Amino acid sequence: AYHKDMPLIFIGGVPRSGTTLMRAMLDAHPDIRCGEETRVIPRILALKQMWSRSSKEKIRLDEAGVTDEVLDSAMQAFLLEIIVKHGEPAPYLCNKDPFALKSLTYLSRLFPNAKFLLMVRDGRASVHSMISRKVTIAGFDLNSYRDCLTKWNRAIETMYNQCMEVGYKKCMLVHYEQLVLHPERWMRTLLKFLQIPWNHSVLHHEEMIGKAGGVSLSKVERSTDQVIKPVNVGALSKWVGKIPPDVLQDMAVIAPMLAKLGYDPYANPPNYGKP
């Protein structure tokens, strides 16, 4: 049984911000299934967004009878079929595709009882991650820290503004650094936010890897080698000393979302906190 009013969970954020860890920890809950990145969801959502943004094209679709209500119904049907059928059934279905939250507000409209989790990491950590691990993302030039931080800023700002627009009952900012430093505190807050009862197995996601009602992984995903380990504070500040000095000097200008999201742009690194 599935439908557009069911309680869905959408995890996202900029890649390399702990999105796989977030969904793996929730997957470890026995009544929740998220599963691996679908990939198709961001692309069809981005396609749909290109049609609605062009007022010229929007007129042509409305004249063909392909209205907002028709498109939304087709979008709903497509996304649910993917979300429901690509993994095992569960009381609480979940979806993790980082850039799906670029259409957060639109997803909130399509799915009224859906809740969102925007993963937020220090942009310098996320950018250093994708550059050092050679993670290829559309638009992100991995030779340039300046370019990647500029694209990180643009991406995270768009998702943040939408997260804020829907409000504190539909979307929740989840700070990666805080998640790893205080995993019990945050997972308890998160499940209370999602209105799902507590289960301690979310704090042992490593012991649920490849288990029935557990954490399904993809051998070709870039976060698989890290998520199989237990939750640790190891990746908080691996970025420090690796960014060039001209970029470090311009950091607040390049990435003003660092400051908005509680990261000191001139701390090398910030004091994220300690457990």
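In case it trips you up, residue 1 is the first one in the sequence shown, and so on.
Higher average CA B factor: 266 to 274, of the stretches 4 to 12 and 266 to 274.
Judged by mean Cα B factor in the deposited record, 134 to 142 ranks above the other of 70 to 78 and 134 to 142.
Out of 230, 210, 234, 42, it is 210 whose C-alpha atom has the highest B-factor in the PDB entry. When the modelled residues of the chain are ordered by their C-alpha B factor, residue 27 lands in the lowest third. Ranked by Cα temperature factor within the chain, residue 21 sits in the lowest third according to the deposited record.
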